[PDB]
Structure formats: structure tokens, C-alpha cells
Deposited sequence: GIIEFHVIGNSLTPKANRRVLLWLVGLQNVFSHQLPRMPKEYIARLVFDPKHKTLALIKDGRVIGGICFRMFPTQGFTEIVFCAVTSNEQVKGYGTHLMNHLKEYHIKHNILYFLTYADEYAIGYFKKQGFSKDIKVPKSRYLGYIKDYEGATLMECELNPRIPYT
């Protein structure tokens, strides 16, 4: 097939239906996220989603929230559909999302990871060492007591894509 990347969000019909498809993949791959909570965040206007499309069908995505006053982005949800995982799609999504944030000159990623996702973010260059000060993210990024906070710092000079 042919693969497309598209940053979208609920600020168009294909956008709306692509968003419903993202809420489906997020809900299926993250069974502990209440479905209504996914849809509330995914359809929220100051959230954006990097969609991974295969033949006009939503097969993955990274839902994120830019905090340019506080100088970082929240990674909200990460999913590739089940039969399309372990093929590098996750890595091309993250790399794409990184180059986009270069172009908007935000250079920091914050996210919470459970024990089953920590390996993925580590392999995208995320660390437990948080350089961003608490005074800047607490109360803006959604806390997850029980999961590890991870951070990734981008180089506004190297080609990610």
C-alpha cells in the first residue's frame, strides 16, 4: 500500500473520520484508557494528532499537546494497530513528530510510560532524567501516579525524517 503522515486535529469530513479512527486504535491498544477519556482528549481543540495512514485507513498515530509557553510538548497517546506493529511504524511516527517540533521550535518531549512502554520510548531517545523543572509541567501535563515520567530532548539541527 501507500503510507501517509498527517498532523490533524479538531480545530472537513475526512479529518473528523480520521479522528474517530485514531480514537479507535488508541482505545484498542490502550485498554486501560476509558474510551470517553480518549475521545475527549483526541477531539479537544488544543490537542493535535500525527496520523499514520495506510490506504486511506488509520493504522496508528501519536496524540500530543503543545505547551509552547512552557517550552515542551506532552505525548498523550501512542499506538500502532496490532497487525501492523513490529515493522518500524512506531519509529517513523516518533521521528516524524520530532521533525515537526523542530519546525515549531519546541525541543522537549514529556510523557508518562508504564512498564510495558518504557522500552519503546527508551529506543526513541527518552530518558528518566527530567531536565525540565517540575514548576513547568505539573498541573499542565496529565499526571499518572504509577507510571514513569520520561523526557526526550531534540537537536534543532539533525534530520529526523
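Chemist: As a test: can you identify every run of the deposited sequence that has no C-alpha position in this structure, in order?
Modeler: Deposited residues absent from the model fall in 12-16 alone.
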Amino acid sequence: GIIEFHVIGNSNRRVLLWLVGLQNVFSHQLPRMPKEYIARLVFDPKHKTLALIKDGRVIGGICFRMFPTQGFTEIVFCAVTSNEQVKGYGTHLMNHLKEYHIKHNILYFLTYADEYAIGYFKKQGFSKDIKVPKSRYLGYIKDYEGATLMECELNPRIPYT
From here on, numbers count along this sequence of modelled residues.
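We call the rigid core the largest set of C-alpha positions that still match within 1.5 Å between the two forms.
Chemist: Which stretch is less alike in 5 other deposited structures of this protein, 142-150 or 21-29, counting RMS CA distance after the rigid core is superposed?
Modeler: Of 142-150 and 21-29, the stretch deviating more in 5 other deposited structures of this protein is 142-150.
Chemist: Comparing 116-124 with 51-59, which stretch shows the greater average C-alpha B-factor in the deposited entry?
Modeler: That would be 51-59.
Chemist: Do the C-alpha atoms of 20-28 or of 137-145 have the higher average B factor in the entry?
Modeler: Comparing averages over the C-alpha atoms only gives 137-145.
Chemist: Divide the modelled residues of the chain into thirds by Cα B-factor and specify which third, lowest, middle or highest, holds residue 88.
Modeler: Highest third - that is where residue 88 ends up once the chain's C-alpha B-factors are sorted.
Chemist: Among the modelled residues of its chain, does the C-alpha B-factor of residue 41 lie in the lowest, middle or highest third?
Modeler: Lowest third of the chain for residue 41's C-alpha B-factor.
Chemist: Could you place residue 33 in the lowest, middle or highest third of its chain by Cα temperature factor, using the values in the record?
Modeler: Middle third.
Chemist: Relative to the other modelled residues of the same chain, rank the CA B-factor of residue 101 and answer lowest, middle or highest third.
Modeler: Residue 101: CA B-factor falls in the highest third of its chain.
Chemist: Classify residue 8 as lowest, middle or highest third according to the C-alpha B-factor given in the PDB entry, relative to its own chain.
Modeler: Bottom third by C-alpha B-factor.
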